[PDB]
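> The structure follows.
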Amino acid sequence: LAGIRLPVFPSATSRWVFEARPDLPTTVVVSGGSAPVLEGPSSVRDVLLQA
Amino acid sequence: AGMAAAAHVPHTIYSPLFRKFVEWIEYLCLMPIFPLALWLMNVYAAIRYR
Amino acid sequence: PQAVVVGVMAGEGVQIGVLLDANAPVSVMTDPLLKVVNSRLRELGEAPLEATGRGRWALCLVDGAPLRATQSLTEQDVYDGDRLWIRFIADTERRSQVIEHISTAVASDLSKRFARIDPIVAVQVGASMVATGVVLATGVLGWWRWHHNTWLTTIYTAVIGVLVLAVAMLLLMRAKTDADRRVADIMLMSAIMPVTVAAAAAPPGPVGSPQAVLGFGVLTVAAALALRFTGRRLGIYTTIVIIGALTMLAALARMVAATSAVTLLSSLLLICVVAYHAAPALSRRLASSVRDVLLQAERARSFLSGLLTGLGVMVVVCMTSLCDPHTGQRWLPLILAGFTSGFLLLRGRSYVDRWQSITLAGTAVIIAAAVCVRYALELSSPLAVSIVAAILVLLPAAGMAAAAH
């Protein structure tokens, strides 16, 4: 019900790539704190809310 | 029901225990065909009352 | 005759009028020709044409096909006032690829030339199956009303109409792309059929003229309403409105008072005969500055195509009903059908559109075949069928032979 999902797959049918381009960090804003700031990868931000 | 399943399945993640179960439905569908067809053809009675 | 004037197209779109030597071979002119277009582009202040890697400069038709480098400009079918395009064509030379193991070889090759299934197409398949499913549902419910006067047909069909229309509304508002719109249109269009029979089935007693008035009426209204708020799929909705409208007129007259069906059929035939001449005018009135003209042109083109189809459907049903192998001067409607077909067969040449011209031409052919079939089923005897078979094969053979030979 909370939407936690557990990925299990055969590594996309390929070997690992340690040097892959990391995920782009997301920008956020606040009404009073109108100046935008970035907090981190979109994939990781969901976990803090799903829990 | 098929139109909904066709649009919904491609974007969801399913557990391996379920993906392993749908595979076995095909086999459970084949196993009864020959025994049922010969019954509809009335072969068993023709042999028993030889 | 020593020279010809033609418009030559160059990079990104400049057209230049030039007077070319009519008999020198084209390969002798492409180099100095390129210099001149560059000189004019340079003075105009635009970016000149330039080469990129390996390739060659070529002179082609506006269709892109290059002219034979050794032939004279007069030797080719290029006349004064025509236009050409100067172009750079890249080199295609590269190494060949080989795969030895037939298993891996077949997989790799076969995966390139053909398209595999994807989630986008998967939805259009399901959407089409549900549309087929409900048109079958209304068929069995309609067949029941033909033997029973109870409310079941309207009660059950009404809820289907509501359910199908409800789902279509969400898809229409959520849609984002042409693929998304296709699925929505197919679903909405599928709602017209159940709603239509749902209304016509409501009036009690045996089915006939009184029910006919409700059915073709709601049908015409629904098709028009969908066309008004959607503004897409013009041709198909237009066809439903026309056949629905004329059928409602016939239904109402027969329901109120009519001396004979022949009178109504004769009235409809005459209405359709005059409508063919009005169709282009109707189509024309039914329809950054560049956008408005192209939109107007394609919208107009669409309306005439649909409008012609609606008329074609009505005449064949009426015409085949008017002719008869036993009633009076059996030959009179046969020749009248012939004269009616002759107009359509000849007039098809007046329109530039391929599908419009093809539908007009086909409309005449089908009537002749349908009339002979009617006269073969009834008044059945070896002479009747023998004559009809010979006619039907000779009919188109002579037409194609006269055009191709």
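Numbering, chain C: per Swiss-Prot, residues 18-304, 344-461 in sequence.
Looks like electron microscopy, 3.8 Å, at least that's what the header says.
Cβ atoms are placed via backbone N, Cα and C, with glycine included.
OK, Swiss-Prot features for this one:
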| type | residues | note |
| --- | --- | --- |
| TRANSMEM | C:137-157 | transmembrane segment |
| TRANSMEM | C:169-189 | transmembrane segment |
| TRANSMEM | C:200-220 | transmembrane segment |
| TRANSMEM | C:224-244 | transmembrane segment |
| TRANSMEM | C:250-270 | transmembrane segment |
| TRANSMEM | C:272-292 | transmembrane segment |
| TRANSMEM | C:359-379 | transmembrane segment |
| TRANSMEM | C:382-402 | transmembrane segment |
| TRANSMEM | C:413-433 | transmembrane segment |
| TRANSMEM | C:439-459 | transmembrane segment |
> What stretch in C:200-220, C:224-244, C:250-270, C:359-379, C:413-433 has the biggest tally of Cβ pairs under 8 Å against the transmembrane segment (C:169-189)?
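Stretch with the highest Cβ contact count: C:200-220.
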> Which residues of the same chain, at least 6 past either end of the transmembrane segment (C:137-157), have a Cβ under 8 Å from a Cβ in it?
174, 177, 181, 196, 199-200, 203-204, 206-207, 210-211, 214
> Apart from its near flanks, which chain residues at least 6 from the ends of the transmembrane segment (C:413-433) lie with a Cβ under 8 angstroms of it?
361, 364-365, 368, 371-372, 375-376, 379, 381, 390, 393-394, 396-398, 400-401, 403-405, 407, 440-441, 444, 447-448, 451-452
